[PDB]
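Student: any chance you could fold what I've pasted below:
(2 chains)
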Amino acid sequence: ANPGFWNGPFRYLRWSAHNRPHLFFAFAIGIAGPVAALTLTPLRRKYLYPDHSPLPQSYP
Amino acid sequence: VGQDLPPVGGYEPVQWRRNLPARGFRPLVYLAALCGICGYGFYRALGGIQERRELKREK
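Tutor: Residues are numbered from 1 along each chain as shown, chains lettered A, B, ... in the order given. Below is the structure:
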């Protein structure tokens, strides 16, 4: 049986996800976290501001 | 030789092999509908949290 081998990355991700896949599908979640966290600044398109508060002491 | 328990004048043969997968949806839809359910679940979950945005500032 064959492990993963780096030098062909399109091949590596294949024969990682097919022979020792159980860390692949973890790290797919690990890349779905922050990369999708960077594809939101257009995707919220200024959706909402939460607007919470402690006590509003006002001005003169 | 008299009447002993001889065979039958037929066989009606029986099973000697394996058995099968159950229903027709073997493929990844059995995974993909999972992404449907979370695709529903967050669709209310965050929204309920979104509604608590209005609720907390209410109090």
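Student: what about the residue nearest the centre of chain A, distance to chain B?
Tutor: In chain A, the centroid-proximal residue (C-alpha atoms, centre = their mean) is residue A:33; its distance is 2.0 Å. To chain B, residue A:33 is 15 Å away according to C-beta to the nearest C-beta, to the nearest Å. (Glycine included, C-beta is placed from N, CA and C.)
Student: which SSE is residue B:25 in?
Tutor: Assigned by DSSP states H and E, residue B:25 belongs to no helix or strand.
Student: just give me the neighbour total for it.
Tutor: Using other C-beta atoms under 10 Å in any protein chain shown, the number of residues around residue B:25 comes to 9.
Student: same question, residue B:36
Tutor: 10.
Student: tell me which element it falls in.
Tutor: Here residue B:36 sits within helix B:29-58, counting by DSSP H and E.
Student: quick check, that helix touching chain A?
Tutor: Yes. Helix B:29-58 is in contact with chain A by C-beta under 8 Å from any C-beta of the partner chain, via B:53, B:56, B:57.
Student: would a markdown table of the residues you listed with neighbour count be doable?
Tutor: Below are those laid out as a markdown table (neighbours: other C-beta atoms under 10 Å in any protein chain shown):
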| residue | neighbour count |
| --- | --- |
| B:53 | 14 |
| B:56 | 11 |
| B:57 | 11 |
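Student: what ranges do the helices span in chain A?
Tutor: With helices called from DSSP state H, chain A shows them at A:9-14, A:21-32, A:34-38.
Student: give me the distance between the residue nearest to the centre of chain A and residue A:26.
Tutor: Separation of residue A:33 from residue A:26 (C-beta to C-beta, to the nearest Å): 11 Å.
Student: how about residue B:39?
Tutor: In terms of C-beta to C-beta, residue B:39 sits 21 Å off from residue A:26.
Student: just residue B:52 next, same as before
Tutor: Distance from residue B:52 to residue A:26, by C-beta to C-beta: 31 Å.
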